[PDB]
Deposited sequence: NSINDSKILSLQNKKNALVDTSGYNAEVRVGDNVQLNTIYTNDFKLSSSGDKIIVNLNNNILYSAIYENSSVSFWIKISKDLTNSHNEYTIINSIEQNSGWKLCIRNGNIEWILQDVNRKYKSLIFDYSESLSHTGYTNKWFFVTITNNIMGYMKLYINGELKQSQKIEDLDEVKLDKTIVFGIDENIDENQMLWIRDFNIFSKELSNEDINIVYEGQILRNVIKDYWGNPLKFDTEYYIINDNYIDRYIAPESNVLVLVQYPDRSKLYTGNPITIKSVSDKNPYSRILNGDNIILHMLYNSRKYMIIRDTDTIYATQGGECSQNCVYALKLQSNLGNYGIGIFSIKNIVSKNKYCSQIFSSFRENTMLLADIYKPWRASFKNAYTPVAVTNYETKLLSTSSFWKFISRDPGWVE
């Protein structure tokens, strides 16, 4: 509403050139070697050295803010060096965003090279519980009272008044890129860069966050849109260092022979029931099928027709592989992102003979023995466990951002 009314710059991909649609006609020159629109429509990649995008605006303590998504690759966020990725200081005054040792910080320097800044530790020390190589929304607001805030995914992460600091004068130009000499491994993505001529409020910022994330598109581990025909290592949120493996005619979550990694286990490709374009986006409420690659052949993951016990009232079925591919209802699932400002994961559902949900825990998936196992199962009355993390599933895809 009155949010879009204040956009003075808005980098979006139209034909096949990144341009300004704010309506203020800013000059946007993109380096021929820059990959635009590969993950999300209005994203671009800061890859090679001296690879940049130049923005020349038009003439036009104050009210205004900036937003944009950013995704930094493990190696680049691993480095010790400070990388000024977004520069807007022509002489010695202005603003510029930069990243240095797993942190992202917003700097504001006056005409006498003095500054002020808000910083954020997007990497919980590279903990799988952090944002390394994961799309996270940023937002910087500045108002007249001198207060300037830094929000992440719509949450205030830092307040601060522009105190000890002389005069600052913005610059008609803005440069994206890492002029320093980098390597492949060192890469980051940015999408939906926007600038408002007004201090956005917490309540406004979340709205922008809610329409840019794309609720109906299922996301993979990195926050990228999930895709059909793409290989993914599926992990349940409670057992991050376990993988889905067949075992004895019954899928179970097995201990990772080496945690230090991430890409371990039996890769699972997702197929479309209503069959459509090969690597197209998987949407909320879409019928899918799950093929697993194990023993030089593909298998269709299905719901065990017999409960885990010797039913139509609170039953737990195991998961089996099915030699015969094809559109078999018993193998039809659904995935719906979970609303979580901190992690990208989904809930899988099945409605074959009854409405089941997938979650993982300790069971005795076998009738033969008193054998224990951490296995994935389908319940029938998930109204209860609809909020348990044992129902959250993450999809790890080989990502250029995370190399090992």
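In sequence order, the deposited residues that have no C-alpha coordinates form the ranges 61 to 66, 317 to 321.
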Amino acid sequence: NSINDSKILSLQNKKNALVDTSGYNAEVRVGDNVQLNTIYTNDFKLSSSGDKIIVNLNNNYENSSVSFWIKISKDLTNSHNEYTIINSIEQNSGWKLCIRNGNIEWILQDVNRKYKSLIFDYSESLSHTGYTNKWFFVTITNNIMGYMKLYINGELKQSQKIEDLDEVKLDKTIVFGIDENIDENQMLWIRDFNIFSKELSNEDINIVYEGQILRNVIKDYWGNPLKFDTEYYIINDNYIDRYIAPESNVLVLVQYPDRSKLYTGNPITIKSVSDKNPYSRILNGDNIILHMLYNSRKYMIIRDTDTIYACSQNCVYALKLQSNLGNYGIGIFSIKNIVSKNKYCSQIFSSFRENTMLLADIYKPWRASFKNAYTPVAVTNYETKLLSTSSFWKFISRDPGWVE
From here on, numbers count along this sequence of modelled residues.
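Here 156 to 164 and 231 to 239 are compared by their mean Cα B-factor, and 156 to 164 comes out higher. Taking only CA atoms, the mean B-factor in the PDB entry is higher for 75 to 83 than for the other of 75 to 83 and 127 to 135. Among 140, 213, 308, 289, the highest C-alpha B-factor recorded in the PDB entry belongs to 308. By the numbers in the PDB entry, the CA B factor is greatest at 62 among 361, 43, 27, 62. Sort the modelled residues of the chain by CA B factor and residue 303 lands in the middle third.
Compared with the other modelled residues of the chain, the Cα B-factor recorded for residue 179 ranks in the highest third. Compared with the other modelled residues of the chain, the Cα B-factor recorded for residue 107 ranks in the highest third. Among all modelled residues in this chain, the alpha-carbon of residue 33 has a temperature factor (C-alpha) in the highest third. Among the modelled residues of the chain, residue 189 sits in the lowest third by CA temperature factor in this PDB entry.
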